[PDB]
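Q: Sequence below, structure please.
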Amino acid sequence: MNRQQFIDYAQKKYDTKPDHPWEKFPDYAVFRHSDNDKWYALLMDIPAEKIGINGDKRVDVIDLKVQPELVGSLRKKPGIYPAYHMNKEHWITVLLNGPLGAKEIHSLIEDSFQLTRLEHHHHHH
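A: Numbering: from 1, shown residues only. For reference, the structure is listed below:
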């Protein structure tokens with residue numbers, strides 16, 4: 001899967017525009033819904049050695065939010081490495097330059113989308 005596809009896909013399904021809070025990182029892109037509040041989606045190129053792969057070539061990865069019980073299912077698939085941040089089950093690093101298929105990624109995102117749905121609750125009774 002190429003980044004151009006990810007950027008066009010997000011603007012197509014998430015209709016969200018890229019953001020870069022840190023100017024020292026213009027190549028970094030962050031997607032978030034201000035109408036949903038609470039989310040995590042960042043795309044950045046990190047060394048292949050930072051994902052556990054021996055290769056020293058740089059690769060493109062994106063943050064994927066999943067449920068604590070579906071982490072084993074998604075994390076079981078190869079090419080997907082766990083987040084190196086403080087969390088792990090909440091956010092999972094996915095290798096776009098990996099063996100992951102475009103249709104396979106779309107299915108996984110659909111599952112994460114359910115958690116990024118707008119208006120989680122709003123009813124007096």
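
Q: Residue 111: which element?
A: Secondary structure assignment for residue 111, by DSSP states H and E: helix 102-115.

Q: could you pull out the helices for this protein?
A: Taking DSSP state H as the criterion, the chain carries its helices at 3-9, 71-76, 102-115.

Q: and residue 23, which of those helices is closest to it?
A: helix 3-9 (19.7 Å; C-beta to C-beta). To be clear about C-beta, it is placed using only N, CA and C from the backbone, and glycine gets the same treatment.

Q: burial measure for the residue nearest to residue 105 when sequence neighbours are not counted, as a count.
A: Distance criterion C-beta to C-beta, 6 or more residues apart in numbering; nearest residue to residue 105, sequence neighbours excluded, is residue 1 at 5.8 Å. Per other C-beta atoms under 10 Å, the neighbour tally for residue 1 reads 20.

Q: Residue 1: what's it in contact with?
A: If you count contacts by C-beta atoms under 8 Å, 6 or more residues apart in numbering, residue 1 has them with 96, 97, 100, 101, 102, 105.

Q: Please apply the same query to residue 2.
A: Residues counted as contacts of residue 2 (C-beta under 8 Å, 6+ apart) are residue 96.

Q: how much space between it and residue 97?
A: Residue 2 is 9 Å from residue 97, where distance means C-beta to C-beta, to the nearest Å.

Q: shared neighbours of those two, anything?
A: With C-beta under 8 Å, 6+ apart, residue 2 and residue 97 have no common neighbours.

Q: With distance to residue 60 and mean neighbour count as added columns, please give the helices of the chain in CSV.
A: Formatted as CSV, those follow (distance: least, C-beta to C-beta, whole Å; neighbours: other C-beta atoms under 10 Å):
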stretch, distance to residue 60, mean neighbour count
helix 3-9, 6, 14
helix 71-76, 18, 13
helix 102-115, 12, 14
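
Q: so which of these comes closest to residue 17?
A: Between those, helix 3-9 lies closest to residue 17; by C-beta to C-beta that is 9.9 Å.
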